[PDB]
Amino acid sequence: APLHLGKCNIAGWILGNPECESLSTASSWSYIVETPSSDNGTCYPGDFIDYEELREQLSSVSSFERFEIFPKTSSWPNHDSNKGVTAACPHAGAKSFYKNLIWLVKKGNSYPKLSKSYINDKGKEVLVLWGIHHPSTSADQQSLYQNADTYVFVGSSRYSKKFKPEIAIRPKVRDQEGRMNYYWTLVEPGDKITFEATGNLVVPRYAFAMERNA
């Protein structure tokens, strides 16, 4: 039987847009039933990368589980994991954010080089998603990260990419002139994925272990 996403599309569901139920119930499905949404995919405006490929990857699944790949309370001792909410992603009358990601910002006036790895010991492919934040102004860049010229690197045995934030005033969407791009990759059993950043990384909180049908 199908995965019914109710009023969200795949983007909103997989990122954990507050408007979408985390829907951690169906562990297998043959197809996904999506619905549309002003934003209820990407409440914070930006581009979801490799999106069609993801939809395809998630189309037919024989097993599927969400797990806390990087526990919020213990993963980020040197960064602030509590301030990353936005009016663009409201929940219950207040600023919020995606459930499955954490918008890390500076602690005090410092943003140390972050370095976090995960080894896939799940016995199956793990889907990991993250975001890159592109602030609207250099002032906003400093206000969030404190470092002016930053990078993000994400790598595994199968994947390698360096990201550079692009600071610029985009057209206002849901009151945001900044943007957030969303990325993902599949980590093979036994492989390691590493994250490194001096700013601008919307880190994974929850990831997904899965097997595809036939």
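A residue's number is simply how far along the shown sequence it sits, counting from 1.
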Practice item. On mean C-alpha B-factor from the PDB entry, just flag whether 156 to 164 or 170 to 178 is the higher one. Key: 156 to 164
Point to revise | Average Cα temperature factor in the PDB entry - higher stretch of 48 to 56, 25 to 33 | key: 25 to 33
Exercise for review: Among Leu129, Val105, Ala92, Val85, single out the one with the highest C-alpha B factor in the record, please.
Suggested key: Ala92
Revision key, fill the gap. For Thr137, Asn120, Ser143, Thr73, the deposited C-alpha B-factor is largest at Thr73
Review point. Considering only modelled residues of the same chain, in which third does the CA B-factor of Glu188 rank: lowest, middle or highest?
Key: middle
Practice item. Place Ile69 in the lowest, middle or highest third of its chain's C-alpha B-factors, as listed in the PDB entry. Key: lowest
Revision key, fill the gap. Binned into thirds over the chain's modelled residues, the C-alpha B-factor of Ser115 lands in the middle
Review point. Going by what the PDB entry lists, where does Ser96 fall on CA B-factor within its chain: lowest, middle or highest third?
Key: middle
**Study point:** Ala11, C-alpha B-factor rank within chain (lowest, middle or highest third)
**Key:** middle
